Amino acid sequence: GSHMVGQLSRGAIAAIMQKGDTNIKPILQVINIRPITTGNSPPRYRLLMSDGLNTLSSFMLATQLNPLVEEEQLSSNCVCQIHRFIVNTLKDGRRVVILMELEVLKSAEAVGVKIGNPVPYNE
Ligand SMILES: Cc1cccc(-n2nc(C(=O)O)cc2-c2ccc(OCc3ccc(-c4ccc(C(=O)O)o4)cc3)cc2)c1
């Protein structure tokens, strides 16, 4: 409906990144999904997601959720709620947000556009 950015958990990305809040169940929009190079291991998908205010490109899908991508329920523009996630920190200090459980609330086709004008979150 009207006021589209009101559909997303504005501020959730900062909360995840600045506070390390892990109990929230934020509603985010998928902006993009891309496979990452794994080779011989099952594919892994990296997601660029939006909370309406920020985007963040450091989301990774748990392997168990691969069929959502492969069968196309989880795709660019869809709106989803993250029911479980974990943050992992790499040796170089970058952090990855692993999506363990997610629900697609509205299909890419039913949403159809990037919501609002989110700006890239920087670290
Ligand atoms: C900083 C950042 C954020 C998101 C993705 C990347 N990335 N981009 C590329 C690439 O070359 O495209 C490759 C990677 C990348 C980065 C880190 C990686 O390893 C970390 C990592 C990945 C997954 C898991 C994990 C825990 C539980 C599960 C599961 O259930 O599947 O998966 C735990 C740690 C794996 C891939 C980097």
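Position 1 is the first residue of the sequence, and the numbers go up from there. Worth knowing before you read on, the calculation uses all heavy atoms, side chains too, and leaves out hydrogens, waters and symmetry mates.
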Which atom pair, heavy atoms only, marks the closest approach of [X] to [Y]?
X: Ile98; Y: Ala62; result: CG2-N, 4.1 Å
X: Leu28; Y: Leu8; result: C-CD2, 4.0 Å
X: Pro118; Y: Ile115; result: CD-O, 3.4 Å
X: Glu70; Y: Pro43; result: OE2-CG, 3.9 Å
X: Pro67; Y: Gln64; result: CD-O, 3.4 Å

side-chain contact (heavy atoms from CB on, under 4.5 Å) between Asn66 and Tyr45, worked out
CA-CA 8 Å; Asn66 285 1; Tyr45 298 100; 3.3 Å; yes
So, the side chain of [X] versus the backbone of [Y]: is there a donor-acceptor pair under 3.5 Å, distance only?
X: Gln29; Y: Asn77; result: yes
X: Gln7; Y: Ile27; result: no
X: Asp51; Y: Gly11; result: yes
X: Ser76; Y: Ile31; result: yes
X: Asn54; Y: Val119; result: yes

Under the side chain to side chain contact (heavy atoms under 4.5 Å, CB included) test, which residues partner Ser107, sequence neighbours left out?
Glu109, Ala110
Linking I/L/V/M/F/W/Y whenever their side-chain heavy atoms sit closer than 4.5 Å, directly or via other members, would [X] and [Y] fall into one cluster?
X: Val104; Y: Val30; value: yes
X: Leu68; Y: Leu105; value: no
X: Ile82; Y: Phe59; value: yes

[X] vs [Y] side-chain heavy atoms within contact, under 4.5 Å:
X: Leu53; Y: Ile13; result: no
X: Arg46; Y: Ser57; result: yes
X: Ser9; Y: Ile24; result: no
X: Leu48; Y: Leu56; result: no
X: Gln18; Y: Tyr121; result: yes
X: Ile86; Y: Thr22; result: no
X: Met100; Y: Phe85; result: no
X: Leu99; Y: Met60; result: no

Check against side-chain contact (heavy atoms from CB on, under 4.5 Å), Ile16 and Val87
CA-CA 8 Å; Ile16 290 177; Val87 169; 4.2 Å; yes
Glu72 CD: over 12 foreign heavy atoms closer than 6.0 Å:
no
Would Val97 and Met17 count as a side-chain contact (heavy atoms from CB on, under 4.5 Å) here? Give the steps.
CA-CA 9 Å; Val97 181; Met17 291 274 116; 3.7 Å; yes
Test item: side-chain donor near acceptor, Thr89 and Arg95, under 3.5 Å:
yes
Look up atom [atom1] in [X] and atom [atom2] in [Y], then write down how far apart they are to the nearest 0.5 Å.
X: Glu101; Y: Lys25; atom1: CD; atom2: NZ; result: 7.5 Å
X: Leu65; Y: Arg84; atom1: CG; atom2: CZ; result: 9.0 Å
X: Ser50; Y: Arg10; atom1: OG; atom2: CZ; result: 11.0 Å

Just do the side-chain contact (heavy atoms from CB on, under 4.5 Å) check on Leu47 and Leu61 with the steps written out, would you?
CA-CA 7 Å; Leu47 290 82; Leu61 200 64; 4.1 Å; yes
If you measure from the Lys or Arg side-chain nitrogens to the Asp or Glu carboxylate oxygens, is any gap between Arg94 and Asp92 under 4.0 Å?
yes
